[PDB]
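Below you'll find the structure, written out as structure tokens, and then a few comments.
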Amino acid sequence: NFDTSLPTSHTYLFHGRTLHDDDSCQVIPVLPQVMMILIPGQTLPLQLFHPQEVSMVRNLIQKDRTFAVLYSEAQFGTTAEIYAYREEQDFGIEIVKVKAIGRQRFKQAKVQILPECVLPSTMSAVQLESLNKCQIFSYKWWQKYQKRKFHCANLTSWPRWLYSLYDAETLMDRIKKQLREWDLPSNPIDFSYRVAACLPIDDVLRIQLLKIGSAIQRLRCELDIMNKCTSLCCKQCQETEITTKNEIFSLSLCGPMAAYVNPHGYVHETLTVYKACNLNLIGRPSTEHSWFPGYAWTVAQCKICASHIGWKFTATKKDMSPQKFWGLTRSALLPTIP
Amino acid sequence: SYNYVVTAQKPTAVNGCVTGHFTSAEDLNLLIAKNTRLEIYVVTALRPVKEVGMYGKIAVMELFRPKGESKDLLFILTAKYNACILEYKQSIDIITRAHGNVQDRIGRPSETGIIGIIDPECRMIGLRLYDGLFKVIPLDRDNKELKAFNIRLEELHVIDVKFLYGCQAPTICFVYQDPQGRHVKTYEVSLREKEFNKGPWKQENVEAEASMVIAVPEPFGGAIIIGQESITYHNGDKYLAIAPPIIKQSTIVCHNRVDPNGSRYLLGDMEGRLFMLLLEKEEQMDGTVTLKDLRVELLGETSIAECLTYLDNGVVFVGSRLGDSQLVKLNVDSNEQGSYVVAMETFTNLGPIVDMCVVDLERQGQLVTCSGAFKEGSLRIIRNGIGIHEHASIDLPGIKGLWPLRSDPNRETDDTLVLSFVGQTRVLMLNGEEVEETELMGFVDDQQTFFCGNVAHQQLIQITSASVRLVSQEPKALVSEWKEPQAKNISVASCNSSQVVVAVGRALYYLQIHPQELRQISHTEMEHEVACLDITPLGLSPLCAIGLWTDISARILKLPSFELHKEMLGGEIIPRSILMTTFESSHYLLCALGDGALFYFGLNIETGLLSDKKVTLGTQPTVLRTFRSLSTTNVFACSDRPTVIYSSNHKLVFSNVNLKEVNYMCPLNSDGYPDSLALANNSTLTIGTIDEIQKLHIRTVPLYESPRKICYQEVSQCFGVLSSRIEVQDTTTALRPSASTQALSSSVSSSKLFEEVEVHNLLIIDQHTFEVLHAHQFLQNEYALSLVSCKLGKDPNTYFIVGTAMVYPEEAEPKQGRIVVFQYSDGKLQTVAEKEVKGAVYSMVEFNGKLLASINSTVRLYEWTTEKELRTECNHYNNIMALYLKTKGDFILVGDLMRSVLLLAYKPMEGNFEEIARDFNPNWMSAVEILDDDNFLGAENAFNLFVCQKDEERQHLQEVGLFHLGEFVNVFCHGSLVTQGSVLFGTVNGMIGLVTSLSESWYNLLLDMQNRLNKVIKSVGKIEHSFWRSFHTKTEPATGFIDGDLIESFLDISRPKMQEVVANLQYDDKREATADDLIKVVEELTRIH
Amino acid sequence: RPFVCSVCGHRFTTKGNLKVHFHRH
Ligand SMILES: Nc1cccc2c1C(=O)N([C@H]1CCC(=O)NC1=O)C2=O
Ligand SMILES: [Zn+2]
Ligand SMILES: [Zn+2]
């Protein structure tokens, strides 16, 4: 195949340890002209040109090295921490390139950290003391798990199989099988945020999971989308099918979707799929600043409305795997239940 | 909103048990802990001593004896990390020697929960609270604050941990698990260095499911490892391992050491089996012995064990949570029979109340609960009243009267019971407990008797419908007889020690009782035929109480003038009984009508003026009678629902008697039945003692399967109970005959739509006999979820409707279900209509003639058509799982296990639902209810209750009530056992409680009352009541609730503490309140349950 | 074709043609 670790290292373009404790009030910079909904753990590359910004970062290195990313204007956002930085002055154009990663959700910005709401198991309240000793333990293993972990359901008014539908470990596995389908973290908090950034949804649905504070409600709601959103259409003209779930595959290590900068600093969360229909290709395949080294990109736009949906990527070697794939920018898509 | 909670039944399940020497170094105690309660017994060949209630959930209960101390001390740790060390003092108090909160700021609670262990030398107390930390409490005599230091545990996932016997320093031995499997490790705990030192030994590849560590005492040393298959012993480099076959069927979950040498242990199964693990020793070539092998013998079956303890005389206490606790005796395997077990005593445990319902059965409504699980599953009927311990029964129907009689004039004790009938009279004699009907020489046995008994001048009397007879004690014979001059019939009679006022129709006559004569005195007419009389002295009576048939009034007549004070009753129905008696200090009069009313007035036995109050007591006529209880006589009111009438704080109180209908009664102090009562009803005479107070009475109906839901159907006089039994794969093979298999008539679903296994049935259980009348078994892999009784549409029949869910193991979220409408007529249950549904019917409640069923995330509203079917007229979809359904009129309360609640309303002009409000505060929620149109009650995680109020963007609910209950609530239902409204709730621990709404005038009073009682009352572990009741998970102080168990303890503190509380109080009717103001107020609150 | 859009990579020949396409963003 191809090096699945190449796209996440942003080759085409630091021990991070500053966290703010929950519910605090912090004053954090917000970068001009950045528009995206950023998720804890999601990776964000940037390219800044105005000396305003270039000053903010050069001095931002001192202390926090963390800025705020925000829109419906904006009620919530997420702190992003710079983990890598180069100051390039090539062609006589001073550019500052940074790679930040989302850390904390919050409600210069006066900003209140939103706590990640962590709850014990459904059983930690009703668990028999005698059975405490048994709480630590190819799919019958899950029937065993269900029978032994949720044994004390018999003390309550609902069955084992209900408490199972709110069990982080179980839910993560149910999500995993779909994530396996087109080939991750162990902490439910992390898992729910990793697949949140993988899920190709629209700005209004992304704010929903961001508003969700609990891992359990995040994983559950995330399972709904994965069943209910089989098709993906052109956002502009609405009624035009571009690709399906079947075609989604994770070319990048992080997932089928990550954030990528073009040379002018615009961020594109592009989704890698094998097949894509009803697109026209314009211009000539080019490797200049390609986010997938080895492939050339050609601009693809919706057959009907001409609105730029993403790019078709083609191999440059005749021995490469996934010789042709489509990369679709998330802002251009609309999930549909056919 | 301001509500009021109070424990209606203390918890019954046992958290843990431990014996020792606590009350005195010479006694042997058994200490039992039931959630927020602690029992102290003294072992005999079990004597209660002291029950105390802590302000915490008892999580760690261990005894220990420090060096140079008289008796053992008790260490207690609540679930809120309240540590305390207690001592017994003899009237009886339990003091706190050292206390403190051992909670840490940072740290994640461990997955195996709290574990508290004490070293054998009582140097230190070791507590496992969080992953990676081990908190040590030096037991120094000067450590009254329980100061403690933490140690780094690089072993994060610990299963169990105990202290090892026989070591040069305190040493732990714990089983933990890392990616490399399971292991066992030992650590030397340094009191000085405050760190860990490498222990005497550790092991690798400890068995796969090791869960229990036992510490063998000094004879051998080392520890024992209990697993799913193997039992293994370690000691230094010694190793023994057996995998006996007699344990492979289920898991050992509780153990207890029998003898101090560690030779014999007791192992408790999860399915209730009782084993004894035995060590076997071997003589060594230089002194002490050496362990050689381990044996296990199945002693038998007990209740599903949770804690185990061995009392000295071969008697085991079986502390259970799913079933009743036990005292079981074990017989050593003897030539005669293999070691077997037999239970001596049984202790009531309401178990894990899964569901319940309130029912008016005897027409005070009693509570019937689904209790227990598996073979301990059962039904519990809980009635409230004064219970009567029966001592003898006699089959005589139609008793019209009852009188005690002393045939021996030299014997104070009674020995005769006279029974009247229609045109008949029977005289019974009492020699011990043998009753025999005989004749009384001088008494006539062919007339109805209206009165008889002992009168003055060493004589008897009998007032039949025809004559007033006077019989002599010595040589019993008639001496004088009063008969109506025109041969008219005596209609109403009344007599006492000296006076006799009979009454023929309108007229009535006044007689006096003298030696060998009955002298008439007064001949008087009346306006209207007389109906009741009383002539009780307060030895002679200077006044006579009468009631008139057509007047409908109670009168007071001076004797012998018969000159009227008076009051009027009103109505179209005549009085049936009237009585003048004395309560507390002041006098009274009581008159009861045919419709069941009961007027009572304050009487002046000098001025005859009666004053004042009336109350109804059933709808059948009431007959009043006086009996003696303690040194204050009470009034027994026979009727449809009998009731004891006493006075506490100069107010008449009516506590009902736990009996079916009673018609006539009389006290009876015989040789064989001393200080007893003779109760008479429509069929049987009963003799027995009577309790002094009103207590909770629990009838047990064993089901031997797990009952899960229950509803009542009055038109059929039976209950519908959802239950599930467990069956093996076989090749229909149950484990034990249960209620679903021992039904009178059994049916099977057989529908058109669509290793252990769960088999669900609908049990039809008689309300009177609690027979299993019918048991309809549902489909294979069908899980019954919701059950309701109701009438639908214009259909007059009452149907059992059940909501199910096809549970296949491969489908994570269920995708299909049923709504089955049953009808129980004759002796059979018929399937009337199915309704296939693409989801789980989690909840169903009747909705104004329609059926409101929840289906996964959908709330459906079905209609009941003339074709006898379910037609759908409405639907509503939600972003949550409609788990909870409660309604009232047109509001609908919907909620999921995530505490997120929705409030819907049926808009009738649109055939559609509108979302009125919404509140999402993610937490684990177990039960909800609707208090009124504005407030909603619920129980969320960490044993809490919350209330959400309604009062445009006011579609968001305000959190007005928060309260740490200490109990896991499973069900809310409306009703009481006879402040506004009443909501009962069941508990996993068996606790039963009550919530009632209050007015703001009273809430602030009882709030300031509580702030005063906390300054006074001495808590057990000195746990601040604010911290015990503080909302816990976040942590907030309580609001909107009043601890009724606190308000009710005002009557237990001494009288100085009472004034002390009411020092600067402004009461309502605004004056410096007094203790008696609050006693009569707090006592009024004890009568709502 | 040295005039490129700042979002996708579409190339044009005149500065005015690029202004036509960018107005669609
Ligand atoms: N060189 C330019 C110039 C203008 C705009 C873009 C690029 C460019 O390379 N990409 C994307 C194309 C798609 C890709 O793989 N990497 C990119 O940087 C642009 O949007
Ligand atoms: Zn289009
Ligand atoms: Zn463009």
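How things are named: the first chain in the structure tokens is A, the next is B, and so on; residues count from 1 in each chain; ligands count from 1 in the order shown.
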Expected answer as a ChimeraX atom specification: chain C residues within 12 Å of chain A, only C-alpha atoms
/C:1,4-12,21-22,24-25
Selection from above, C-alpha atoms, as a tab-separated table (two decimals), in the first residue's frame, can you write it?
```
chain	number	residue	atom	x	y	z
C	1	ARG	CA	-1.92	30.06	-16.12
C	4	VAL	CA	-4.63	30.35	-8.77
C	5	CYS	CA	-7.57	30.34	-6.39
C	6	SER	CA	-6.74	30.50	-2.69
C	7	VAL	CA	-9.06	27.61	-1.69
C	8	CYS	CA	-9.02	24.76	-4.22
C	9	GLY	CA	-6.18	25.20	-6.73
C	10	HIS	CA	-8.16	26.19	-9.84
C	11	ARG	CA	-5.91	28.04	-12.29
C	12	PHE	CA	-6.72	30.88	-14.70
C	21	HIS	CA	-14.28	32.31	-9.49
C	22	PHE	CA	-13.27	33.64	-6.06
C	24	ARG	CA	-18.14	32.02	-5.74
C	25	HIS	CA	-16.44	31.35	-2.38
```
Using only C-alpha atoms and a cut-off of 8 Å, which residues of chain B sit close to chain A? Please list them as a PyMOL selection string.
chain B and resi 15+111-113+159-160+209+211-212+253-254+306-307+352-355+373+708+785+809+812-813+922-924+926+941-943+968+970+988
So that I have them on file, write out the residues from the current selection with C-alpha atoms, as a short mmCIF file (atom, residue, chain, number, x, y, z; two decimals), in the first residue's frame.
```cif
data_model
loop_
_atom_site.label_atom_id
_atom_site.label_comp_id
_atom_site.auth_asym_id
_atom_site.auth_seq_id
_atom_site.Cartn_x
_atom_site.Cartn_y
_atom_site.Cartn_z
CA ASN B 15 -24.10 -5.26 54.13
CA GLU B 111 -13.07 -0.71 40.38
CA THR B 112 -13.23 -3.28 43.21
CA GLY B 113 -14.47 -0.74 45.75
CA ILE B 159 -8.78 -7.42 43.46
CA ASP B 160 -8.60 -8.30 47.16
CA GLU B 209 -9.96 -15.59 38.09
CA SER B 211 -10.85 -12.99 43.61
CA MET B 212 -10.67 -13.80 47.34
CA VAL B 253 -18.29 -14.91 46.97
CA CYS B 254 -18.07 -14.85 50.79
CA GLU B 306 -23.53 -12.14 51.26
CA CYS B 307 -21.68 -12.22 54.58
CA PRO B 352 -34.33 -5.79 46.43
CA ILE B 353 -37.79 -4.26 45.93
CA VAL B 354 -37.98 -4.43 42.11
CA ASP B 355 -41.56 -3.14 41.88
CA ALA B 373 -34.30 -12.56 43.22
CA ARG B 708 -40.05 -8.07 38.27
CA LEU B 785 -40.57 -5.42 30.28
CA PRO B 809 -27.70 -12.05 21.93
CA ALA B 812 -27.19 -5.07 20.68
CA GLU B 813 -30.27 -2.84 20.58
CA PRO B 922 -26.32 13.74 32.62
CA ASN B 923 -26.25 11.20 35.46
CA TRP B 924 -27.56 7.73 36.24
CA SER B 926 -33.25 4.86 38.47
CA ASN B 941 -26.70 8.43 41.03
CA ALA B 942 -24.99 8.24 44.44
CA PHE B 943 -28.23 7.53 46.33
CA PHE B 968 -31.15 3.00 45.65
CA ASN B 970 -36.35 1.28 42.16
CA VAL B 988 -32.58 -2.36 46.88
#
```
Residues within 10 Å of ligand 2 should be enumerated using only C-alpha atoms and all ligand atoms and returned as a list in words.
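Going residue by residue within 10 Å of ligand 2, we get residues 233, 234, 235, 236, 237, 238, 239, 240, 241, 242, 278, 279, 301, 302, 303, 304, 305, 306, 307, 308, 309, 332 and 333 of chain A.
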Could those selected residues go to a file with C-alpha atoms, as a PDB file, in the first residue's frame?
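So the final result, stored in result30.pdb, reads:
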```pdb
ATOM      1  CA  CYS A 233     -24.426  14.322  -0.965  1.00  0.00           C
ATOM      2  CA  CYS A 234     -23.361  17.677  -2.379  1.00  0.00           C
ATOM      3  CA  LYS A 235     -24.101  20.349   0.221  1.00  0.00           C
ATOM      4  CA  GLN A 236     -24.875  23.103  -2.303  1.00  0.00           C
ATOM      5  CA  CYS A 237     -27.458  21.413  -4.549  1.00  0.00           C
ATOM      6  CA  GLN A 238     -28.530  18.981  -1.800  1.00  0.00           C
ATOM      7  CA  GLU A 239     -30.022  16.234  -4.009  1.00  0.00           C
ATOM      8  CA  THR A 240     -26.804  14.873  -5.600  1.00  0.00           C
ATOM      9  CA  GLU A 241     -25.087  11.737  -4.268  1.00  0.00           C
ATOM     10  CA  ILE A 242     -21.273  11.897  -4.236  1.00  0.00           C
ATOM     11  CA  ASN A 278     -21.153  12.773 -10.479  1.00  0.00           C
ATOM     12  CA  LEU A 279     -17.965  14.834 -10.300  1.00  0.00           C
ATOM     13  CA  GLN A 301     -16.559  19.776  -8.594  1.00  0.00           C
ATOM     14  CA  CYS A 302     -20.208  18.731  -8.532  1.00  0.00           C
ATOM     15  CA  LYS A 303     -21.445  17.803 -12.018  1.00  0.00           C
ATOM     16  CA  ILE A 304     -24.674  19.730 -11.388  1.00  0.00           C
ATOM     17  CA  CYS A 305     -23.809  22.886  -9.439  1.00  0.00           C
ATOM     18  CA  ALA A 306     -20.020  23.153 -10.159  1.00  0.00           C
ATOM     19  CA  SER A 307     -19.369  23.819  -6.443  1.00  0.00           C
ATOM     20  CA  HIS A 308     -15.920  22.532  -5.441  1.00  0.00           C
ATOM     21  CA  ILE A 309     -16.474  19.240  -3.605  1.00  0.00           C
ATOM     22  CA  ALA A 332     -18.917  20.587   0.926  1.00  0.00           C
ATOM     23  CA  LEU A 333     -20.836  17.461   2.039  1.00  0.00           C
TER      24      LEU A 333
END
```
I'd like to know which residues of segment 783-842 of chain B are strand (DSSP E) (by DSSP, run on the backbone); could you write them as number ranges by chain?
B: 783-790, 799-806, 819-825, 828-833
DSSP alpha helix (DSSP H) residues within segment 138-216 of chain A, as a short mmCIF file (atom, residue, chain, number, x, y, z; two decimals) with N, CA, C and O atoms, in the first residue's frame:
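Result file result_1.cif:
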```cif
data_model
loop_
_atom_site.label_atom_id
_atom_site.label_comp_id
_atom_site.auth_asym_id
_atom_site.auth_seq_id
_atom_site.Cartn_x
_atom_site.Cartn_y
_atom_site.Cartn_z
N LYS A 140 -18.68 -14.35 22.18
CA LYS A 140 -19.24 -14.90 23.40
C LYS A 140 -18.56 -14.32 24.63
O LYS A 140 -19.17 -14.25 25.71
N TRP A 141 -17.30 -13.90 24.49
CA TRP A 141 -16.64 -13.14 25.54
C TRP A 141 -17.48 -11.94 25.95
O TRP A 141 -17.49 -11.57 27.13
N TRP A 142 -18.21 -11.35 25.01
CA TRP A 142 -19.09 -10.23 25.32
C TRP A 142 -20.38 -10.68 26.00
O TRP A 142 -20.96 -9.92 26.78
N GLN A 143 -20.87 -11.89 25.71
CA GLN A 143 -21.98 -12.43 26.48
C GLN A 143 -21.56 -12.70 27.92
O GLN A 143 -22.32 -12.44 28.86
N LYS A 144 -20.35 -13.24 28.10
CA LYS A 144 -19.80 -13.41 29.44
C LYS A 144 -19.66 -12.07 30.15
O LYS A 144 -20.18 -11.88 31.25
N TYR A 145 -18.96 -11.13 29.51
CA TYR A 145 -18.84 -9.76 30.01
C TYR A 145 -20.17 -9.20 30.46
O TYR A 145 -20.30 -8.70 31.59
N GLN A 146 -21.19 -9.28 29.60
CA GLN A 146 -22.51 -8.76 29.94
C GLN A 146 -23.08 -9.46 31.17
O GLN A 146 -23.67 -8.80 32.04
N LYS A 147 -22.91 -10.77 31.26
CA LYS A 147 -23.51 -11.52 32.36
C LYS A 147 -22.84 -11.21 33.70
O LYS A 147 -23.51 -11.14 34.73
N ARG A 148 -21.52 -11.01 33.69
CA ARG A 148 -20.78 -10.86 34.94
C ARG A 148 -20.68 -9.41 35.40
O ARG A 148 -20.79 -9.13 36.60
N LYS A 149 -20.46 -8.47 34.48
CA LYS A 149 -20.34 -7.07 34.88
C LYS A 149 -21.68 -6.50 35.32
O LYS A 149 -21.76 -5.79 36.33
N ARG A 160 -29.92 -6.72 32.07
CA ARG A 160 -28.50 -6.59 31.74
C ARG A 160 -28.32 -5.90 30.39
O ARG A 160 -27.46 -5.02 30.24
N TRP A 161 -29.11 -6.31 29.39
CA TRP A 161 -28.91 -5.80 28.04
C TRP A 161 -29.25 -4.32 27.89
O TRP A 161 -28.88 -3.72 26.88
N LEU A 162 -29.95 -3.72 28.86
CA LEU A 162 -30.16 -2.28 28.83
C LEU A 162 -28.92 -1.54 29.33
O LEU A 162 -28.36 -0.70 28.63
N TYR A 163 -28.49 -1.86 30.56
CA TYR A 163 -27.27 -1.30 31.11
C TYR A 163 -26.09 -1.47 30.17
O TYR A 163 -25.13 -0.69 30.23
N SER A 164 -26.14 -2.48 29.30
CA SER A 164 -25.08 -2.69 28.32
C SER A 164 -25.05 -1.58 27.28
O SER A 164 -23.96 -1.20 26.82
N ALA A 168 -19.57 2.18 28.34
CA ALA A 168 -18.56 2.76 27.46
C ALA A 168 -17.77 1.68 26.73
O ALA A 168 -17.56 1.76 25.51
N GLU A 169 -17.31 0.66 27.46
CA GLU A 169 -16.49 -0.38 26.84
C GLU A 169 -17.25 -1.11 25.75
O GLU A 169 -16.69 -1.40 24.68
N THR A 170 -18.52 -1.41 25.98
CA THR A 170 -19.33 -2.07 24.96
C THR A 170 -19.55 -1.17 23.76
O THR A 170 -19.29 -1.56 22.62
N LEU A 171 -20.02 0.06 24.00
CA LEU A 171 -20.30 1.00 22.93
C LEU A 171 -19.09 1.22 22.03
O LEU A 171 -19.20 1.20 20.80
N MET A 172 -17.92 1.45 22.64
CA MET A 172 -16.69 1.62 21.86
C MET A 172 -16.48 0.46 20.90
O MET A 172 -16.09 0.66 19.75
N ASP A 173 -16.74 -0.76 21.37
CA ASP A 173 -16.60 -1.93 20.52
C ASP A 173 -17.59 -1.90 19.37
O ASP A 173 -17.24 -2.21 18.22
N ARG A 174 -18.85 -1.55 19.65
CA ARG A 174 -19.84 -1.45 18.58
C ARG A 174 -19.43 -0.41 17.54
O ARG A 174 -19.65 -0.61 16.34
N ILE A 175 -18.85 0.70 17.99
CA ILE A 175 -18.33 1.69 17.05
C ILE A 175 -17.13 1.12 16.31
O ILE A 175 -16.97 1.31 15.10
N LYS A 176 -16.26 0.40 17.03
CA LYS A 176 -15.05 -0.16 16.45
C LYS A 176 -15.35 -1.02 15.23
O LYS A 176 -14.68 -0.89 14.19
N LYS A 177 -16.35 -1.90 15.32
CA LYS A 177 -16.64 -2.81 14.21
C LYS A 177 -16.92 -2.05 12.92
O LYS A 177 -16.47 -2.47 11.84
N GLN A 178 -17.64 -0.94 13.00
CA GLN A 178 -17.80 -0.10 11.82
C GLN A 178 -16.48 0.57 11.44
O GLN A 178 -16.12 0.62 10.26
N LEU A 179 -15.75 1.08 12.42
CA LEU A 179 -14.42 1.63 12.14
C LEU A 179 -13.47 0.58 11.59
O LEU A 179 -12.50 0.94 10.91
N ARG A 180 -13.71 -0.70 11.89
CA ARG A 180 -12.89 -1.78 11.33
C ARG A 180 -13.23 -2.01 9.87
O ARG A 180 -12.36 -2.32 9.05
N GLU A 181 -14.51 -1.85 9.54
CA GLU A 181 -15.18 -2.14 8.27
C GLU A 181 -14.35 -1.69 7.09
O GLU A 181 -14.23 -2.41 6.10
N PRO A 188 -12.66 6.04 26.83
CA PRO A 188 -13.88 6.44 26.10
C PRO A 188 -13.90 7.90 25.71
O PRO A 188 -14.34 8.25 24.61
N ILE A 189 -13.42 8.78 26.60
CA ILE A 189 -13.31 10.20 26.28
C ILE A 189 -12.52 10.40 24.99
O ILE A 189 -12.96 11.07 24.06
N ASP A 190 -11.33 9.80 24.93
CA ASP A 190 -10.48 9.94 23.75
C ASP A 190 -11.14 9.31 22.53
O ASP A 190 -11.22 9.94 21.46
N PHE A 191 -11.63 8.08 22.67
CA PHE A 191 -12.27 7.37 21.56
C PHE A 191 -13.39 8.20 20.95
O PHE A 191 -13.44 8.38 19.72
N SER A 192 -14.28 8.73 21.79
CA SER A 192 -15.41 9.50 21.29
C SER A 192 -14.95 10.75 20.54
O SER A 192 -15.61 11.16 19.57
N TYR A 193 -13.84 11.35 20.96
CA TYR A 193 -13.30 12.51 20.26
C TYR A 193 -12.55 12.14 18.99
O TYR A 193 -12.55 12.91 18.03
N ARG A 194 -11.89 10.97 18.97
CA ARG A 194 -11.21 10.56 17.75
C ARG A 194 -12.20 10.30 16.62
O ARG A 194 -11.98 10.72 15.48
N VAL A 195 -13.29 9.60 16.93
CA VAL A 195 -14.28 9.31 15.89
C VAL A 195 -15.18 10.51 15.62
O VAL A 195 -15.75 10.61 14.53
N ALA A 196 -15.30 11.44 16.58
CA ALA A 196 -16.01 12.68 16.29
C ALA A 196 -15.36 13.43 15.13
O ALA A 196 -16.05 13.92 14.23
N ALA A 197 -14.03 13.50 15.13
CA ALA A 197 -13.30 14.16 14.06
C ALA A 197 -13.28 13.33 12.78
O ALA A 197 -13.09 13.89 11.70
N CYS A 198 -13.47 12.02 12.89
CA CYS A 198 -13.55 11.18 11.70
C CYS A 198 -14.90 11.31 11.01
O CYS A 198 -14.98 11.19 9.78
N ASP A 203 -21.38 21.49 10.09
CA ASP A 203 -21.06 22.40 11.19
C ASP A 203 -22.11 22.42 12.30
O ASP A 203 -21.76 22.62 13.47
N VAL A 204 -23.38 22.20 11.96
CA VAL A 204 -24.43 22.24 12.97
C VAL A 204 -24.47 20.94 13.77
O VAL A 204 -24.74 20.95 14.98
N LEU A 205 -24.19 19.80 13.13
CA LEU A 205 -24.12 18.54 13.86
C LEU A 205 -22.84 18.41 14.67
O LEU A 205 -22.85 17.79 15.74
N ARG A 206 -21.73 18.99 14.19
CA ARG A 206 -20.49 18.94 14.95
C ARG A 206 -20.61 19.69 16.27
O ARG A 206 -19.97 19.30 17.26
N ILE A 207 -21.42 20.75 16.31
CA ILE A 207 -21.62 21.50 17.55
C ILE A 207 -22.41 20.68 18.56
O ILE A 207 -22.28 20.88 19.78
N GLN A 208 -23.21 19.72 18.10
CA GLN A 208 -23.99 18.89 19.01
C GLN A 208 -23.08 18.05 19.90
O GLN A 208 -23.20 18.08 21.13
N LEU A 209 -22.17 17.27 19.30
CA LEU A 209 -21.27 16.46 20.11
C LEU A 209 -20.37 17.33 20.98
O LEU A 209 -20.06 16.97 22.12
N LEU A 210 -19.93 18.48 20.45
CA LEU A 210 -19.16 19.42 21.26
C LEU A 210 -19.95 19.84 22.49
O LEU A 210 -19.39 19.92 23.59
N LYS A 211 -21.24 20.11 22.32
CA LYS A 211 -22.06 20.44 23.48
C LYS A 211 -22.21 19.26 24.44
O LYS A 211 -22.43 19.48 25.63
N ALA A 215 -18.86 11.13 27.88
CA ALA A 215 -18.40 10.13 26.92
C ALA A 215 -19.54 9.21 26.50
O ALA A 215 -19.69 8.89 25.31
N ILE A 216 -20.35 8.76 27.46
CA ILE A 216 -21.42 7.80 27.17
C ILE A 216 -22.39 8.38 26.15
O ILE A 216 -22.72 7.74 25.14
#
```
Could you check which of A:114, A:184, A:93, A:39 is closest to residue 80 of chain A, using only C-alpha atoms?
A:39
Within 9 Å of residue 127 of chain B using only C-alpha atoms, minus same-chain residues under 5 positions, as a list in words:
residues 114, 115, 116, 117, 118, 134, 135, 136 and 137 of chain B
Contact residues around residue 756 of chain B with only C-alpha atoms at 10 Å, ignoring same-chain residues under 3 positions, as a ChimeraX atom specification
/B:725-730,734-735,759
Could the residues in this selection be saved with C-alpha atoms as an mmCIF file, in the first residue's frame?
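Wrote part_25.cif, looks like this:
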```cif
data_model
loop_
_atom_site.group_PDB
_atom_site.id
_atom_site.type_symbol
_atom_site.label_atom_id
_atom_site.label_comp_id
_atom_site.auth_asym_id
_atom_site.auth_seq_id
_atom_site.Cartn_x
_atom_site.Cartn_y
_atom_site.Cartn_z
ATOM 1 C CA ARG B 725 -37.039 -18.189 36.044
ATOM 2 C CA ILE B 726 -33.680 -19.623 34.980
ATOM 3 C CA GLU B 727 -33.421 -22.879 33.029
ATOM 4 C CA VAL B 728 -30.462 -24.959 31.839
ATOM 5 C CA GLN B 729 -29.791 -25.857 28.199
ATOM 6 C CA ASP B 730 -30.753 -29.558 28.786
ATOM 7 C CA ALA B 734 -35.686 -25.869 35.321
ATOM 8 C CA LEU B 735 -33.387 -25.771 38.338
ATOM 9 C CA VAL B 759 -37.842 -17.651 30.722
#
```
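Residues in contact with residue 625 of chain B at up to 7 Å, not including ones fewer than 2 positions away on its chain and judged by only C-alpha atoms, are residues 623, 627, 635, 636, 637, 665 and 666 of chain B.
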Write out as a ChimeraX atom specification which residues come within 7 Å of residue 749 of chain B when counting only C-alpha atoms, dropping same-chain ones fewer than 4 positions away.
/B:776-779
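Our summary of the geometry notes that atom CA of residue 214 of chain B is positioned 14.2 Å from atom CA of residue 309 of chain B.
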Set the distance at 7 Å and use only C-alpha atoms: which residues neighbour residue 473 of chain B once local chain neighbours fewer than 3 positions away are removed? I'd like the list as JSON, numbers by chain.
{"B": [409, 458, 459, 460, 476]}
